[PDB]
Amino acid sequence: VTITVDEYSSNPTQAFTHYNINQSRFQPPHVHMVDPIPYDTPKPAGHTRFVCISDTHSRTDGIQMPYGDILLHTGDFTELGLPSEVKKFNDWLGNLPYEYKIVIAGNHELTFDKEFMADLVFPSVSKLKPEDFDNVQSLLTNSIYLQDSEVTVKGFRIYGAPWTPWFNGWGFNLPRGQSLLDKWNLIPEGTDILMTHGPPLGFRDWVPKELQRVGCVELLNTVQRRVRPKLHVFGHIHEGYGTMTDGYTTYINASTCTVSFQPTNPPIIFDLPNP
């Protein structure tokens, strides 16, 4: 399968309406919300319990973390990517019991976006000397950090990438269309769990303030038509916290912070059978 840039790529709200009219793409019975399960739900054998969080924004003190096996964090774990914020987050991760912790960056991780930093010439971030941030990802010693890259853990193929449709030119912002498709084309076919910082079109990507869908159309087409992972986890659009399915893939918007940056959305648990 070859994905090409969608006719409606630049206009996600119009894309949403288009595919609903022609294909019922975002409608029942196949597309619907999936209710969360409580933390005392027994995990069946030969399954892995994924604990999904995102957009913690350095507000980790006091998050109540559930029993599980593997933590997935889909980015915006800092406010500015300051090395001290990365260290604090890593310290928090080290105290969590999970066997594996998998992390991607989001748009707030400015210091991880080397093109953003190279172009810088942002009062707090501009003060940083090259030696201050040449090792930011190495500060994440208690995690497996993914960036257009993958890991196989317990047989699960997990791929992660930070890029989102351009909003304000912060970290890992790219124009809609081919620029983003070039990144999604890197996701391998047999990926089981896809982590992106932001949503695909139509799944937990509604922004009430603008009355617009903002998910990536190229990401949606990649997920549904080419890759077909069992789980696509992301955040970015804090308001979209919650879970949907399309009948095959489960989409989890794991945003821990609300749109007002309050870390009150509970971590989402999700069980998958081991490959």
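In this text, residue numbers run from 1 along the sequence as written.
- The modelled chain breaks after residue 121 and resumes at residue 122, leaving 4 to 9 residues of the deposited sequence without coordinates.
- Between 133 to 141 and 67 to 75, it is 133 to 141 that carries the larger average Cα temperature factor according to the deposited entry.
- Between the stretches 206 to 214 and 226 to 234, it is 206 to 214 that shows the larger average CA temperature factor.
- Comparing the C-alpha B-factors of 253, 9, 24, 256 in the entry, the top value falls on 24.
- Of the candidates 191, 168, 149, 178, it is 168 whose Cα B-factor is highest according to the PDB record.
- When all modelled residues of the chain are sorted by CA temperature factor, residue 116 is found within the highest third.
- Remark: residue 243 belongs to the middle third of its chain, ranked by C-alpha B-factor as recorded.
- Compared with the other modelled residues of the chain, the Cα B-factor recorded for residue 160 ranks in the lowest third.
- Per-chain ranking of the deposited C-alpha B factor places residue 45 in the middle third.
- When the CA B factors of the chain's modelled residues are split into thirds, the value for residue 154 lands in the highest one.
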